[PDB]
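Each remark here refers to the structure printed beneath this line.
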Amino acid sequence: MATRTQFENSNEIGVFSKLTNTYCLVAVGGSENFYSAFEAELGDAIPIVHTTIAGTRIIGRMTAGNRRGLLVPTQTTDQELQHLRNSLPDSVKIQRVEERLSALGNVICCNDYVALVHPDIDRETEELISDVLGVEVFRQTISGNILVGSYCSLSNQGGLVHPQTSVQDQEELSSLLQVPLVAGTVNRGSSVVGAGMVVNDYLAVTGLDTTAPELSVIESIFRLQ
Amino acid sequence: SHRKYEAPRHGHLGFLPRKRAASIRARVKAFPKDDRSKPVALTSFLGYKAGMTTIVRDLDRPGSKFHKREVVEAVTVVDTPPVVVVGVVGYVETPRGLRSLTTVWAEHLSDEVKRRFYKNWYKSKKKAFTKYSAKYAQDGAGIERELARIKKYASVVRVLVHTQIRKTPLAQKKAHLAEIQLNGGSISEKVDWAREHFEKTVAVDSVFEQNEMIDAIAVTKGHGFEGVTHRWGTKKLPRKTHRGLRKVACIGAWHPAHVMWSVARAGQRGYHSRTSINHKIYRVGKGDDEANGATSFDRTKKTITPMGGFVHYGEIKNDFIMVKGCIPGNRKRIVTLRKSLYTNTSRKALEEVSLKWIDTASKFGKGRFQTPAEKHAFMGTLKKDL
Amino acid sequence: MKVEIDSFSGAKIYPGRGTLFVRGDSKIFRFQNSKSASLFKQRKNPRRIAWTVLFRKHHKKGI
Amino acid sequence: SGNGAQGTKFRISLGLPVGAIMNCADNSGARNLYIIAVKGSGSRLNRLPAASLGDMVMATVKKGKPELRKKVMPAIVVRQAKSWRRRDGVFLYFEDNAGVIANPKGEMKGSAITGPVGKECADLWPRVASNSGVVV
RNA sequence: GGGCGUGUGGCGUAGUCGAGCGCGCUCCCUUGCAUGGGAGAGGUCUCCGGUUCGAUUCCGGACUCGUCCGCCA
RNA sequence: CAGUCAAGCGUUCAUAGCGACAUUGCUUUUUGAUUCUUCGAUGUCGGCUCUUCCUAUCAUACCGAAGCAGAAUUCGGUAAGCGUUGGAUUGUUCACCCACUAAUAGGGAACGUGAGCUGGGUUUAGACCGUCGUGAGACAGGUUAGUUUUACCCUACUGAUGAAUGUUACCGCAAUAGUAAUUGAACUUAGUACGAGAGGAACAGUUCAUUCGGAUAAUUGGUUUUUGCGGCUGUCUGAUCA
RNA sequence: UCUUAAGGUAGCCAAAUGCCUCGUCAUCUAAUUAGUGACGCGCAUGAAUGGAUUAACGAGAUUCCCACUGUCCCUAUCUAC
RNA sequence: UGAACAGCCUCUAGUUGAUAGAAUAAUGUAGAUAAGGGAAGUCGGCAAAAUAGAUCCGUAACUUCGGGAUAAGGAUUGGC
Ligand SMILES: [Mg+2]
Ligand SMILES: [Mg+2]
Ligand SMILES: [Mg+2]
Ligand SMILES: [Mg+2]
């Protein structure tokens, strides 16, 4: 399933949510339908944490997540950090990042094995990503889009990239990430695919205005069947 | 002809006339409505405005974007020594309104309350209530006939109380005396409570408690004669205006051939008695206690007084009320704090408030330190310290 | 609460005190007062202003 | 703001009246935006409609590309440079006035934002938070 | 703003309730200082309703254009 | 500006909404008509500022009707409590566009308001052009430059004292007068009711905001004769210190 | 061809000269009865009543742009008299 | 000091005259400063602000060839 969901009318689910294999994060100011989608589809096996990052309802663009670790900005308060430490399982590691770009979901596009980052990140932050997430890192842009997290949706099975992407960039990124990539649109043609939707190994959640060919492209590239 | 562009009226017509108040202590024009089921308690209290500070607290509003997050708010401090009960009075109700019929005083009156009955205290024989205390020290003869008179009549019982001005850093020495309504029990229970509490002190926590919405009645800060531009907020006339520009241009039409009362004009600004409602109590502090300024999260033993004292006031060695926001009147002014005239739910009047940190830095400048121990620890040793 | 440090002088910043300034290169500065804020806007070096923590650390005064 | 608001906004001190020129932060080829209107502003005699951070305005491109000039379009203020207070009581400000171009529904005409944006704007507009590099 | 009149082919123009000519150019024929001749195409008669049997034509409304008269001390 | 009658329009159907031919009124925010008052002078356009009043109600409150399924809209009632904006051009009133908004309603008060302002226009004397005239000169034709005086009196209004009520002091009562709050968005209800679909509400609840008002100065910003501290120029006190 | 002494030539223009008129087209602006460039059956332009052009100059009149600012949003504070 | 019988301070000389005292309300007259915006004000940028000396670099259209021109636009300045 690519599950049709709105955040109070918003068809961008990746902005307000962060979904990994092991956990899920949702914003505190959410509707009953928005919570019920993650509660029904994810089930009781996977914890869902209602969280606020840096005083903001936006959490997907603020944080970058992995099954092994979670990265939070510097502006995240101690109460939010302690609540995430209690609510999250003991396996994941939560570490604050002290870096100027500070919006880790926009900066970092990552999965379990390999990650794409903004080219201009600091070397200490790159080593921190490689340490906490245990993930090999490449500094690359998707056809000149420096915000790889906003302009790519990535999982273990496959990836969706920006629609206006050069084909040469598509095989280059596909060989670099060792996963097949498809250029496509989400939410009735919105270009920002990573902000448009969240995905993991068995679930994808998207906006209600995402059309049926777009949803078919999602389930084909992410192998959710 | 008609006014070319509509605009709202400058100023509020219900606060007229903008004259000086009759006294420096504002009158309580209305008390909370009585019901004869609760125990006998006062409806108000007297204190002295000391100054303002900031706190940090965790906001609890289920639905706000700042839910479960720290906010910093401005509070004002009212120094409240325990008030002294001297006297009760009863009011019968006539077709021309309420009317007092008797007043029964306490026996021993202190000097600070009997200074209220004098304009030249230093040259006096101090003969005040001397024949009244001579009416006392019999068995009961001239006393409980007036008390049973208040029981037999007098549908409203009010208590004469006076502050303890000598416990404050003020240099006044002459206490303030006021009437406070009792709002519990029958008439006999009210006057029995008053008779038992003659010459006795009543503390502020007996009448107020935390997270209570109260009203502040006080006379505002005076400003003297003021022009119309700041007194009423009218628009300044343009720069090339002959004969001045802090004025109102048209003060009325040809007809009616008089200046109307509703036209904004120059005069006295400030020193008006005001009643400001719905102020939440954050802390009822005890003066017989160190760590007044400490919370459960801060936990450093510091009193509520800032570094260098409150500016123009001094120390807070007595009990105090920390109340949210701004109240009318300036520092060192008598202020009457009153219970609310109605029950407010509002999901804001019912919020339980627990403070996290109280500011005790100096208000006489950009204070960097909360305690002298913290200042000494940060700056190390100096030349004056050996 | 959190007590922040002055970006110019190293003084301790209590909540609701001073100002914050986000520069165009996305760097955050925090000023405890208008004095240190104005010295920052006047582009003075805090290594040469005699009452700052960075000056006293450089000059070994009380260290 | 008005239609495309995702939630409400606390009152920010107004810093950009009508006639203000702010930098154009996105990559749409426009250099500055000239504010002619503020969405949701009230009516008072002689009072200029002023904008704050996170507000949606009507603006014209005074300097930039000729297919963007000489027409009115909606814009969103992302940097204010007039100091305002938050409910945690910090007074903060950027060093320039800056906004991005959008449609009336709020999605950006451009694709990337240079420089910081305010969290009071990023929370209120998700597309701005999507294309934003750093949110403070 | 109001009044009065006006609206035809690509262009100009004739119309009593029963759309013609000229100009542009389609073709053919026919000629230095480049003509002429013969068959062509070309309209929702500004539009919408009613009358009639049928309105360019009569009437009503709308659009459009062109004229004339209009604010203050 | 409002009625009465109703031939017709409205698929059908006079009156949901309109309404010809006729006819009865109201108003003095149009322009006329008249010449009553003022020529030993009532300062004459427009704008700015400010108060109050009227309702023939643009919005907001509660309702009735529909050619009211919902959404949007139209007609009407009680209603003047409350609001009715920012600009480009023009001296303008008016107009016309841009834009926001719940809405950008109409008017009066000596065509409100010049000892309140301004002086762009008009409306002196300088000057230019066009037309007219032989000429001096003329032109609600165009253009440019052109002194805006006085309040200290009475009343009114805003504030401030105060004799006399045996004296003085404290605490009060309340006749009368005034009065104040206003409007919107988002989430949810709910893609629900309704509908064939396109579309698409409302009540209760929550969080904010606009306009207004009354205070206040903990914080932030402004202000500096704290001439408080430091720096700097020129000169003077022989230099130094000051 | 009539009439007249002869019929406005070269130039110029909604110009300080154009009633209609806020003329029409373009440009300038988000929007322009303003400005500029064109057009000309010009109420009523025009040749020492001087026509057209023109560098430099102007306490002359007008429009736009940059800088600048309490002119303004929206007012606040200080000094002397 | 400085280009300078500019402005500012001083020497010789000459005055110390202009009803005064006490407070520091409004509105004035004169002098000033203002966050963010930058003519949205107004008939109209009225008024105010901004620029400013000197050295070096650089300087357009047009022109009656003389100018425009300090065009515009940049950099520097103390003490030892
Ligand atoms: Mg008027
Ligand atoms: Mg009106
Ligand atoms: Mg202070
Ligand atoms: Mg105005």
Side-chain angles (χ1 to χ4, degrees), chain A residues 8 31, chain B residues 1-3 5-6 8-20 51-54 61 63-65 72 74-76 89 91 96-97 99-100 103 116-119 160 177-179 220-221 224-227 234-244 246-268 274 276 326-328 347 359 363, chain C residues 16-17 19 34, chain D residues 2 5 7-11 13 15-20 36-50 58 60 70-72 81-83 85 89 91:
Chain A
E8 284 182 344
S31 49
Chain B
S1 56
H2 71 93
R3 184 176 179 179
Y5 289 111
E6 314 278 341
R9 159 69 190 273
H10 283 294
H12 200 295
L13 282 175
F15 290 97
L16 262 59
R18 288 177 186 263
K19 62 180 297 179
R20 312 205 196 123
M52 311 195 48
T53 182
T54 78
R61 207 170 289 134
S64 176
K65 298 189 295 295
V72 54
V75 303
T76 187
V89 47
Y91 290 80
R96 307 176 278 178
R99 173 179 90 86
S100 66
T103 301
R116 176 56 54 177
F117 314 109
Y118 285 103
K119 299 304 196 62
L160 280 154
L177 180 85
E179 287 180 9
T220 59
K221 190 208 303 184
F225 208 96
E226 188 56 62
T234 75
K235 169 80 54 175
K236 264 179 57 179
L237 298 181
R239 185 207 49 92
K240 41 194 297 175
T241 311
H242 193 229
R243 283 182 272 263
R246 324 270 317 275
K247 295 164 151 181
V248 168
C250 184
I251 61 149
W254 196 318
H255 278 105
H258 304 93
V259 183
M260 311 265 288
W261 66 287
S262 65
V263 176
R265 295 176 79 79
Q268 162 84 24
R274 293 280 187 268
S276 176
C326 283
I327 62 166
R347 262 170 72 121
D359 187 24
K363 307 302 178 295
Chain C
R17 190 61 77 105
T19 187
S34 65
Chain D
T8 68
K9 186 183 68 143
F10 294 152
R11 178 178 169 85
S13 297
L16 296 169
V18 166
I36 76 175
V38 187
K39 302 285 293 181
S41 66
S43 299
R44 185 49 161 87
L45 186 63
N46 297 311
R47 176 170 309 172
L48 301 180
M58 301 315 278
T60 69
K70 296 183 79 72
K71 57 201 61 172
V72 65
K82 152 74 185 152
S83 85
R85 191 187 155 271
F91 283 83

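Quick note on labels: first sequence line is chain A, next is B, and so on, each numbered from 1. Basis for what follows: all heavy atoms, side chains included, without hydrogens, waters or symmetry-related copies.
Across all strands shown, F:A65 forms a Watson-Crick or G-U wobble pair with F:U74, both key distances being under 3.5 Å. Partner assigned to F:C152 is none, using Watson-Crick or G-U wobble distances below 3.5 angstrom.
Within the structure, a side-chain polar atom (N or O) of B:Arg18 is placed less than 4.0 Å from OP1 or OP2 of F:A215. Between D:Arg11 and the phosphate of F:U210, there is a side-chain N or O to OP1/OP2 separation shorter than 4.0 Å. In this structure, B:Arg99 does not reach the F:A174 phosphate: none of its side-chain N or O atoms is under 4.0 Å from OP1 or OP2. Not one side-chain nitrogen or oxygen of B:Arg96 sits closer than 4.0 Å to the OP1 or OP2 atom of F:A175. For H:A26, neither phosphate oxygen OP1 nor OP2 lies less than 4.0 angstrom from any side-chain nitrogen or oxygen of B:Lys247. OP1 or OP2 of F:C208 lies within a sub-4.0 Å distance of a side-chain N or O belonging to B:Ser64. OP1 or OP2 of H:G41 has not a single side-chain nitrogen or oxygen of B:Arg239 nearer than 4.0 Å. Remark: B:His10 is in phosphate contact with F:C50, judged by side-chain N or O atoms under 4.0 Å from OP1 or OP2. Checking the phosphate oxygens (OP1, OP2) of F:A110, a side-chain nitrogen or oxygen of B:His255 falls inside 4.0 Å. Phosphate proximity of F:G214 to B:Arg274: absent, as no side-chain N or O sits under 4.0 Å from OP1 or OP2.
Nucleotides F:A22 and F:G76 place their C1' atoms 27 Å apart, quoted to the nearest Å. Taking the P atom of each, G:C72 and H:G45 are spaced 14 Å apart, rounded to whole Å. Separating the P atom of G:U63 from that of G:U36 is a span of 10 Å, rounded to the nearest Å. Between G:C57 and H:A50, the distance separating the two P atoms is 28 Å to the nearest Å. Annotation: F:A102 and F:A185 have their P atoms spaced 6 Å apart (nearest Å). Remark: the separation of the P atoms in H:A71 and H:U64 is 23 Å, to the nearest Å. For F:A145 and F:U122, the P atoms lie 11 Å apart once the distance is rounded to whole Å. H:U63 and G:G40 have their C1' atoms separated by 33 Å, given to the nearest Å.
Applying the side chain to side chain donor-acceptor pair (under 3.5 Å) rule to B:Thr241 yields no partners; only residues at least two apart in sequence or on another chain are considered. With sequence neighbours left out, B:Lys247 forms a salt bridge (charged side-chain N to carboxylate O under 4.0 Å, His left out) with no residue at all. Taking the side chain to side chain donor-acceptor pair (under 3.5 Å) definition, one finds that B:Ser64 meets it with nothing, sequence neighbours left out. Looking at residues two or more places apart in sequence or on another chain, you find no side chain to side chain donor-acceptor pair (under 3.5 Å) involving B:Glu226. The side chain to side chain donor-acceptor pair (under 3.5 Å) search around D:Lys39 returns none, not counting sequence neighbours. Evaluation of the ring-ring contact (aromatic ring centres under 6.0 Å, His included) rule for B:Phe117 yields B:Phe129 as partners, not counting sequence neighbours. The side chain to side chain contact (heavy atoms under 4.5 Å, CB included) test applied to D:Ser13 returns D:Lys82, D:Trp84, not counting sequence neighbours.
Rounded to whole angstrom, the span from the CD atom of B:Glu6 across to the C1' atom of F:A59 amounts to 13 Å.
In this structure, F:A16 forms no base pair with F:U12 under the Watson-Crick or G-U wobble definition at 3.5 Å. If you check F:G116 against F:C48, you find a Watson-Crick or G-U wobble pair, both contacts below 3.5 Å. A canonical Watson-Crick pair (purine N1 to pyrimidine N3 plus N6-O4 or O6-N4) or a G-U wobble (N1-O2 and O6-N3), each contact under 3.5 Å, is absent between E:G5 and E:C23.
The side chain of D:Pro17 lies closest to H:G37, out of H:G37, H:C46, F:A99. Comparing F:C111, H:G37, F:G178 by their closest approach to the side chain of B:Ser1 singles out F:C111. Closest to the B:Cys250 side chain, of the nucleotides F:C100, F:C50, F:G87, is F:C50. Considering only the side chain of B:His12, F:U179 comes nearest among F:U51, F:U179, F:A218. Listed nucleotides F:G116, H:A26, F:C111 differ in distance to B:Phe225; the shortest reach to its side chain belongs to H:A26.
With a 5.0 Å cut-off on side-chain heavy atoms, D:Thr8 is assigned to the minor groove.
The six-membered rings of F:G197 and F:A198 are stacked by the 5.5 Å centre and 30° plane criterion.
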Mind listing the N/O atom pairs, protein and nucleotides 165-169 of chain F, below 3.5 Å?
none

Can you name the atoms? Protein N/O to nucleotides 54-56 of chain F N/O, anything below 3.5 Å, with the distance.
none

Give me the distances for all protein-to-nucleotides 154-157 of chain F N/O pairs that come in under 3.5 Å?
| from | atom 1 | to | atom 2 | distance (Å) |
| --- | --- | --- | --- | --- |
| F:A156 | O2' | B:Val259 | N | 3.2 |
| F:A156 | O2' | B:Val259 | O | 3.3 |
| F:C157 | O4' | B:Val259 | O | 3.4 |
| F:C157 | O2 | B:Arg265 | NE | 2.9 |
| F:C157 | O2 | B:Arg265 | NH2 | 3.3 |

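G:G11 adopts an anti glycosidic conformation, its chi angle falling more than 90° from 0.
Nearer the 5' end of RNA chain G, as judged by each residue's closest nucleotide, is the contact made by D:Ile36, out of D:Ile36 and B:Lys235.
Protein chain B touches strand RNA chain G; the 5'-most and 3'-most nucleotides with an atom under 4.0 angstrom of its non-hydrogen atoms are G:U71 to G:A76.
A heavy atom closer than 4.0 Å to some atom of RNA chain G occurs in D:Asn46, D:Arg47, these being the qualifying members of residues 38-47 of chain D.
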